[PDB]
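Have a look at the structure below before the remarks.
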2 protein chains.
Amino acid sequence: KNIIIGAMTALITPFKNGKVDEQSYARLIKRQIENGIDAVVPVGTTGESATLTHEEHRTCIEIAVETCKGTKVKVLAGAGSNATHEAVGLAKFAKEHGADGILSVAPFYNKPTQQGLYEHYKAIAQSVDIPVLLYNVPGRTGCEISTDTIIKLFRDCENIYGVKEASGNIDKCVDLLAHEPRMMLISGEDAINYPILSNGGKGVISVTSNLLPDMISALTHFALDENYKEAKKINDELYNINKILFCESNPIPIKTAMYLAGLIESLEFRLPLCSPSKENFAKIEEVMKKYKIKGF
Amino acid sequence: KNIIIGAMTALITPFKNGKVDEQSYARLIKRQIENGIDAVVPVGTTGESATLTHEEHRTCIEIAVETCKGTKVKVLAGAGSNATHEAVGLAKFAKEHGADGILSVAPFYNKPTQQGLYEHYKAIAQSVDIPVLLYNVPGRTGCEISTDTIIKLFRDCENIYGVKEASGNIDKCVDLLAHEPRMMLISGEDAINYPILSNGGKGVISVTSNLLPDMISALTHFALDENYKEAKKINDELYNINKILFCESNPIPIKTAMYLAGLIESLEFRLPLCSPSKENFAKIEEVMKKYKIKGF
Ligand SMILES: N[C@@H](CCCC[NH3+])C(=O)O
Ligand SMILES: N[C@@H](CCCC[NH3+])C(=O)O
């Protein structure tokens, strides 16, 4: 199976005057590349998938592919949708435009059954020939991809190679890899990056890495080499910032931190996302003071 | 405040060969009109908003408007989105094409803060001059519109007149009407229609009414006329069908029931939605036989 693993970043999508800031997007990706990141994920939850048009979604995938050209960094393109025909379209676009693989979030809002999730992902996987990583985040979607469904998809579809888990459920991570040790379990939850990796997870798709790519990168590669002492020390050091980046709904805190660090020009979200409370703004600024934030 | 209340139906969207069956849609609406229903809700969750294109979404609203033309039945158009620019577009279309009001589900998947929900709905309400009914269903969206946010929106925006609650939380329904008794609280949870109405709720937006419109309309009108003994008797009789219509995720069971009753031509969904299990299919069929289903 071909895979996309290692330290990976869920890219924020910067806006300027309501539009996608395209030179800022490329500069941010370059910064990720230069700080040891193995793959970038354009337009997932952290990239405000919901409020981008299908056109802008495709533009961000193109900038990501073009920027990683001539490097080892891969593009795991965000391509999920709660409509199977929409998810297949994004997957086909990502393949035709040079993505190395796709991330595909479980359908949100309409809550398909396990049978429906299976058929949803099989249709996506059969539409292209690049790796497909499932993405389970039940707190945001309202549905869960069960362990049985994940394992069935991995065994039944050649290009489905694993899952990004954002479920706060280390029991499920044991279940997954105890019954199907060939799959690539990816941490979707920065605070518990090390425990997932120490159980045989093979990478992370990180929010914190937007701000501290070098630290998340070192953590992941220490862990992959079974240097657990070093990996845990970094995971422990990162806990405070990992938690404060979800004081409000992601990506409101991470965009706030990137702006405070001078890495993006203006805060700016697209509604219904908005700027944090003054309290949380001050809390994010405080926690940031304890870390070294690389510039450009 | 101008309002839309009473017994209302979250319309299923029938498909034939994968496209919207517009003649079946109009025929089902007429069936609703003839059984005492006060308003219809095109393209909600029950109408598979997620998998309709923006254009089919608009077509369904138009059919509802024509079919209710010249009748006392109102059209409360499904116009929600997790992207504020999308929700404003749908709201303006509904207004421009003759809907009496709009339903607007809380943004799903991207989990805005309470401040974001306020700005989201303030933008929608300021875009049109027809009534706007908020819609809270946290099990599907991943977010909750707090009682404070609902009340602030009701008091601050002229056209925002109430909320459809599908949260299984009668405590919140007391909270809402104890602090703001002027709003229109609408039941979005069939099994507890009567308790919500008996606390001063003023209508239902029902899934069960697709199959038994006469019973749901009677229940609502009994309750509004303060005949709580008869409203409760119907709510109690309907409990079994009200629960079995959610044995799987709505609208998989209700479409299964409509097909079993001979009210739609084919049991077709759009992926990721699919047919129920064989077991569930048999369970829906067995419960249906205890009720009298109106024909055409
Ligand atoms: N509001 C839509 C936008 C999809 C198009 C861009 N990803 C959704 O969240 O599904
Ligand atoms: N699947 C997307 C697009 C729906 C557009 C038509 N209602 C969503 O749920 O937001």
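All chain B residue numbers match Swiss-Prot; in order, they span 3-298.
Looks like X-ray crystallography, 1.9 Å, at least that's what the header says.
Each residue, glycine too, has its Cβ placed from N, Cα and C.
These features come from Swiss-Prot:
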type	residues	note
ACT_SITE	B:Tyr137	active site, proton donor/acceptor
ACT_SITE	B:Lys166	active site, schiff-base intermediate with substrate
BINDING	B:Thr48, B:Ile207	pyruvate binding site
SITE	B:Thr47	site 'Part of a proton relay during catalysis'
SITE	B:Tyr111	site 'Part of a proton relay during catalysis'
Inquiry  = Can you filter B:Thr47, B:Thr48, B:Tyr111, B:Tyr137, B:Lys166, B:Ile207 (the recorded positions) down to those whose Cβ is less than 8 Å from some Cβ in chain A?
reply    = B:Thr47, B:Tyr111
Inquiry  = I'm trying to understand the geometry here, so how far is the Cα atom of the residue listed as 'active site, schiff-base intermediate with substrate' from the Cα atom of the residue listed as 'active site, proton donor/acceptor', in Å to the nearest whole number?
reply    = 5
Key: Protein Cβ atoms within 10 Å of B:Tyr137 (active site, proton donor/acceptor), excluding its own   = 26
Remark   = Checking the recorded positions B:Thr47, B:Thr48 for other Cβ atoms within 10 Å of each Cβ, the smallest tally belongs to B:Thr48
Request  = By Cβ count within 10 Å, point out the most packed of the recorded positions listed: B:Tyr111, B:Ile207.
outcome  = B:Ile207
Query = How many Å separate the Cα atoms of B:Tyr111 (site 'Part of a proton relay during catalysis') and B:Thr47 (site 'Part of a proton relay during catalysis')?
reply = 14
Remark   = For B:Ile207 (pyruvate binding site), the three-state DSSP class is strand
Message = Around the C-beta of the residue listed as 'active site, schiff-base intermediate with substrate', how many further C-beta atoms are within 10 angstroms, looking at every protein chain?
response = 27
Ask   = Going by DSSP, is B:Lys166 (active site, schiff-base intermediate with substrate) part of a helix, a strand, or coil?
value = strand
Key: B:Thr48 (pyruvate binding site) - helix vs strand vs coil (DSSP)   = coil
